[PDB]
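Just the heavy atoms: all of them, side chains too, but no hydrogens, waters or symmetry mates, feed the values below. First the proteins, then the strands, lettered A, B, ... as listed; each starts at 1.
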Amino acid sequence: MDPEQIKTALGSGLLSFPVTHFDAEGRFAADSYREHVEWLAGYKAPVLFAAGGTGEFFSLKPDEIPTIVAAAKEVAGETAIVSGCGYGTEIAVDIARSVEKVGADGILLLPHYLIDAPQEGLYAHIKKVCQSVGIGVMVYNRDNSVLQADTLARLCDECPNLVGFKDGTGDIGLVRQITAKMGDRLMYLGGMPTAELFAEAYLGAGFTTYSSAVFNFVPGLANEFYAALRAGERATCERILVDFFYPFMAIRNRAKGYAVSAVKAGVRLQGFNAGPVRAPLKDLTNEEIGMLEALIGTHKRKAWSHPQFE
Amino acid sequence: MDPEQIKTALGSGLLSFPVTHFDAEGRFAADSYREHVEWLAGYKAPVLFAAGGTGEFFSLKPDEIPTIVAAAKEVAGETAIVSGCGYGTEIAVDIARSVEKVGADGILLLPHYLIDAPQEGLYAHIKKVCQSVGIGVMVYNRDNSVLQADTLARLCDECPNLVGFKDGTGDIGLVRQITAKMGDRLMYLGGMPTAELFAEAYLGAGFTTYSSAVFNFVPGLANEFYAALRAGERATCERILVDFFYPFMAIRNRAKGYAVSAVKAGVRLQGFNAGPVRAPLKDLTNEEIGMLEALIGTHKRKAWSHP
Amino acid sequence: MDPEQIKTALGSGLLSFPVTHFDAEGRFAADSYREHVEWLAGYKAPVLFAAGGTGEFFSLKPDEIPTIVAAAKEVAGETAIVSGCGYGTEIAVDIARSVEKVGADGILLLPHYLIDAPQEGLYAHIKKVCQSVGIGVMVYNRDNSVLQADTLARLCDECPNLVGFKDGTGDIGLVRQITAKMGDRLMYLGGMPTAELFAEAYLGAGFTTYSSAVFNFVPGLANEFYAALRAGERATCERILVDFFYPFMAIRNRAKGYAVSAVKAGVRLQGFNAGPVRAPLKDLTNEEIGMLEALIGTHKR
Amino acid sequence: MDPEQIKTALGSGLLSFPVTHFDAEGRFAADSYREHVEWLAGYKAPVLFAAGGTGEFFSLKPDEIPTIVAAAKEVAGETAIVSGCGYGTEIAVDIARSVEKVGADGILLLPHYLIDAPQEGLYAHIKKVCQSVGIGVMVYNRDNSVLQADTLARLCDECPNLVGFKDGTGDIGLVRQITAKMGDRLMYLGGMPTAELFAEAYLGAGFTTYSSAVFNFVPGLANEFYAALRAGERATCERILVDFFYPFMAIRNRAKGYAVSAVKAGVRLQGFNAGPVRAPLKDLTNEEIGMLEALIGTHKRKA
């Protein structure tokens, strides 16, 4: 679709970022990925971000990315498919073009690699990536790539296909300035690692959607929180925070990278064997997986038959 | 008043934190302060925080604090008066007791001095301060004193006079967890330096008021923003952010400590003789004062205005 | 003594920062403090910093500080006594004058309270404190008070009694620039938490002494490390780092504030009634105390 | 060469990290690169790191890296050539094998991309990269990849070809612990931005060499500072800090990324056609290039 069409889709509901499934040999496992994506499809997120951060973008070989996007497209139905993109300009442009070729509906541009950069340089980098494709682009303020409002305004003026802004900084002061400056020129996407913890505050900042990483494994719970958020049903949001999210955060905070690793464990627990994380992430221990299983609780989508003899 | 009465007052509108006025010899200028407070009183903030951060608490001798509190109380009218308090436990308790004696309605407890401390030590320190007085206490999460939700819950269960929570961290994740845990047990006060920049977001976090430092010198504009915030008039809030607050931020960001220095400059520009900041703050350059004067623009205090 | 005399003493050996002793009722325990200081004097540190950071300066009432300085002065002999000082300018000046009155040979100026400040403001604050007394002053780069080299040079030109510079930032780039700019105008004092971990690197930066917090309870070992440092005996320094300091660091890193709490625990283990730390610090658990005792081993008194 | 031979070379002098030359269109300019590398070779650094950080590794396509390494090898003479490597494991292994194939003598492993990672994950990633090649590996503690001493010891026990450790953290406390733990098992390389500012302190930490980015454009000055350093000639080191390095640092601190951009400007000022930086770095302004030219001063290579 064209950039205005993906822009519309971004404003039409909750955003899905599926984990990328690997086999025991570490290879992309398309059959498993498709099974999981097809299940998620019944929950009707309007945009699916393949090979995003929750999808371990940062551990994929660039040649894997179009393959993953194409697999998601097979089963995503009437859903917009956005691909992760990133690294320095030369690599990012090659990835962007390769996923445009395989029919992505947009790109989410993760930070360039390693260095701190001046605003003028961020401008030049992001402009070059946006101009390399005709599909829609969402920028992603996080880590070593944080656009100021004036720089983002210049990008918006010179790149019509730049239609979205995702925040991973948690800097309310800055993101409210950005929405004040750009208004409806961009769709504003919450991007903190467990975004429900920020969503009520982010409404005031001007953001009415976000990536729900936990939608990977408790989509019914994530959809309910989202509906409650949009309806102003504070007591419902709060109950779900207290009973699910803060306990999840306690598991997630046990080690670096668990914002991804714990989500992938949840997916496995729900009966999709998404496989291990790639180093340098590490998987949850069997004990920690058990903690997450207990938390999922009434939201389990199956029962397991654990091995036993006599 | 009793802690429940200050608690109620904290929930009744916008919070005022007056700058502390100093004279030529560097001393607290009580006439000028009282004059400024009396003018501010016309703009009807329900709570006045004397000798808070904006009031340069961190540069006051402890014996100056009761003098300043007493001065505000003289001319503040039917307005709750909360005093700054801070430092390590031994100093904080002395300060707290001294301001209770001159009729403070509460204390805002700024961080202890210098060190990083374990949660259980924060708990011990804050508990001792709360237990040293009968008036209401508001804790203040910022810098080297950041309470987690569980620690704060323990304090609330053991110190009935602990009735307010100010945030200066900007950590949305944490403050939402805090309001979810405590609910109406505490009043939640926004406390980022230029808090209007955060107010709309903080509503969703569970906070419906904040310290407006700029109320010191453009109380009308600060009231206009607050009214629009509480009414859900986003376009009005946004106009004021774009036309006044982001330009103010550009000035504030030119040097460390300007969150206080630029406010004091604004007060002097509006004709209240607030004097210099105390070191280690510095005052704005004449160029910067000029920038603030232009920004104040149509909100300039005029000789022909009616009180 | 005059600032040039405290300056010379700062360059004559290892620096001692005794913990401040408190009794059951929570007051300063002068008898206990004096007993501990008198024992430490046997180990011959040329300068003793009373009510510094390790001495819980940040938890003391301003009127306690002269009492502590006076107690140290009673028993320290031919040792220079520097007092902690800090907070904002009005409080700092009052402390500085009060300790000069009871005979402090110098002050160590800890950061002002709470706020981040511009260089021009740090200049104004520090200058006012220096000009309030005749005794020597050491500034202390740490936390919210970090002087750049040009600002410190201005202070040195203006304030003859400013004679020392203590670093607690660990910013090797900055401290080398400072020593290159000022040269022998100042004495350079290492001030990281557990400064032996930094001492060999700090030699190259231009610093040949530091505060040894562990001198509080293993003064002999601290002296052994220092002598090896100055003699260039790397294998000896390294043995002591591996066998004592990194294991100590492992205990210290178990909780915030243990850079002070663990040292105080060590002092109590050597039979001095130093008492508890003041909140918001917390004391070591019994388990942790046991670990420290085992580590101290044959250095037990 | 074998890992022990590259290890010996790392301990034999100063380390050179040439900027990667680009044409106006941003493409690798091999002829200009080789001219500059040949000029630097007269100053006898024992190891040349091609496509390191100063060489804009982070802006190169993986397929460019072997071409740059091969270019350096043409003209570097009897000099060990180490290639940059980095990113996540899948990319890093392919880069490592590609530069081994063009005859690199080692790899310097820059951080993986983007994420914070647990120590056990860093271990697994770095082990897989080390085991993918037979040439020497230097790890690089920087940003989102900071090995603790115990993790590094595990890697050293498992990976005999891991022979060097470069520090970009400035964490003196940690690096001294690492040298105390590993001793002569590793060669210790200073890796801060403008490393001469740290070199005297780093001696005490156990480091006797470092990357000299400014060697790109004032190699005589860099060699003299290094010689004074190893001779214990403090007044000479200090004079060069005061007269050259602190003024350079003032230019460097004007904008993000200038640790690379200012060095590349210096190379251009000395008459080599190094070209622009790639975004998201930016080049110095005309005003700043004038400042640097004035600073180079008596050390100009030509008029």
Side-chain angles (χ1 to χ4, degrees), chain A residues 1-3 5-6 9 15-23 25-38 40-41 45 47-113 126 128-140 161 163-164 166 211 216 260 274-275 277-278, chain D residues 61-64 87-95 98 113-114:
Chain A
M1 62 192 62
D2 66 44
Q5 294 172 307
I6 188 63
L15 315 175
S16 176
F17 283 65
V19 297
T20 299
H21 294 218
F22 303 125
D23 67 18
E25 294 67 18
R27 305 169 294 208
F28 177 52
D31 51 351
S32 184
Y33 188 65
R34 294 189 319 270
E35 183 187 14
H36 179 213
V37 172
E38 182 165 351
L40 292 176
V47 187
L48 183 160
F49 290 69
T54 299
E56 286 174 80
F57 175 84
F58 45 76
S59 297
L60 301 172
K61 208 184 289 197
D63 65 6
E64 291 175 307
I65 300 168
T67 305
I68 296 162
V69 170
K73 280 178 65 57
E74 284 190 36
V75 292
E78 288 281 21
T79 309
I81 310 300
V82 175
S83 182
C85 186
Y87 304 107
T89 323
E90 289 297 286
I91 292 170
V93 163
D94 282 356
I95 291 172
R97 287 175 167 165
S98 73
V99 298
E100 177 181 55
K101 181 175 188 193
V102 89
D105 295 309
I107 54 162
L108 174 63
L109 190 62
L110 281 68
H112 59 277
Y113 170 60
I126 295 171
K128 188 160 181 188
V129 177
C130 289
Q131 293 184 332
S132 74
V133 296
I135 56 175
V137 181
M138 299 115 259
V139 292
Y140 185 3
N161 60 333
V163 294
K166 176 185 186 188
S211 43
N216 269 277
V260 179
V277 295
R278 279 179 181 177
Chain D
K61 275 209 206 180
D63 64 7
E64 291 178 309
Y87 304 106
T89 321
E90 290 295 292
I91 294 170
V93 165
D94 280 357
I95 290 173
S98 75
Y113 168 64
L114 186 65

For this session: Would you please classify the geometry between the A:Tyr33 ring and the A:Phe28 ring as parallel, tilted or perpendicular, with 30° and 60° separating the classes?
Result: perpendicular
Seminar exercise, completed: Rounding to 0.5 Å, atoms CD (D:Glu64) and CD1 (D:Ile95) come to a distance of 11.0 Å
Exercise. Salt bridge or not for A:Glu56 and A:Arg278, using N-O below 4.0 Å?
Worked result: no
Seminar exercise, completed: One should read off an interatomic distance between A:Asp105 CG and A:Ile81 CD1, to the nearest 0.5 angstrom, of 6.5 Å
For this session: For residues A:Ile65 and A:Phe57, determine if any side-chain heavy atom of one lies less than 4.5 Å from a side-chain heavy atom of the other.
Result: yes
Problem set entry | pair A:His36-A:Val19: side-chain heavy atoms closer than 4.5 Å | yes
Problem set entry | Side chains of A:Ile91 and D:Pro62 in contact at under 4.5 Å (non-hydrogen atoms) | yes
Problem set entry | Beyond-backbone contact of A:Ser98 with A:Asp63, side-chain heavy atoms, under 4.5 angstrom | no
For this session: Quick one: closest heavy-atom pair of A:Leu40 and A:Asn216, and the distance?
Result: CD2-O, 3.8 Å
Exercise. Can you tell me how far CE of A:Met1 sits from CD1 of A:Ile6, rounded to the nearest 0.5 angstrom?
Worked result: 5.5 Å
Seminar exercise, completed: In terms of heavy-atom contacts, A:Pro111 and D:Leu114 come closest through CG-CD1, 3.9 Å
For this session: Would you check if A:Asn161 and A:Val133 make a side-chain contact, meaning some heavy-atom pair closer than 4.5 Å?
Result: yes
Seminar exercise, completed: Heavy atoms of A:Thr20 and A:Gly55 approach each other most closely as OG1-O, 2.6 Å
Exercise. Got a sec: does the CD of A:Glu25 have more than 12 other heavy atoms crowding it under 6.0 Å?
Worked result: yes
For this session: Drop me the distance from A:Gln5's CD to A:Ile135's CD1, to the nearest 0.5 angstrom.
Result: 13.0 Å
Exercise. Does the side chain of A:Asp94 reach to within under 4.5 Å of the side chain of A:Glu90, using non-hydrogen atoms?
Worked result: no
For this session: Could you tell me which non-hydrogen atom of A:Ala72 sits nearest to which non-hydrogen atom of A:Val37, and how far apart they are?
Result: O-CG1, 4.3 Å
For this session: State the SG-CD1 distance between A:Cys130 and A:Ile107, to the nearest 0.5 angstrom.
Result: 6.5 Å
Problem set entry | A:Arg97 side chain reached by A:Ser132 side chain, heavy atoms, under 4.5 Å | yes
For this session: For A:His21 and A:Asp31, run side chain to side chain contact (heavy atoms under 4.5 Å, CB included): C-alpha distance rounded to whole Å, both residues' side-chain angles, the deciding distance at 0.1 Å, then the answer.
Result: CA-CA 9 Å; A:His21 294 218; A:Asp31 51 351; over 6 Å; no
For this session: Going by the side chain to side chain contact (heavy atoms under 4.5 Å, CB included) test, name the single residue among A:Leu110, A:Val129, A:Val163, A:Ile126 that passes it with A:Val139.
Result: A:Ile126
Problem set entry | pair A:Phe17-A:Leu108: side-chain heavy atoms closer than 4.5 Å | yes
Exercise. How far does OG of A:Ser32 sit from CG of A:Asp23, to the nearest 0.5 angstrom?
Worked result: 9.5 Å
Exercise. Looking at the rings of A:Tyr113 and A:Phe58, which for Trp means the six-membered one, are their centres under 6.0 Å apart?
Worked result: no
Seminar exercise, completed: Correct closest heavy-atom pair for A:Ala92 and A:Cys85 would be O-SG, 3.2 Å
For this session: Grab the two heavy atoms, one from A:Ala104 and one from A:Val69, that are nearest each other, plus how far apart they are.
Result: CB-CG1, 4.2 Å
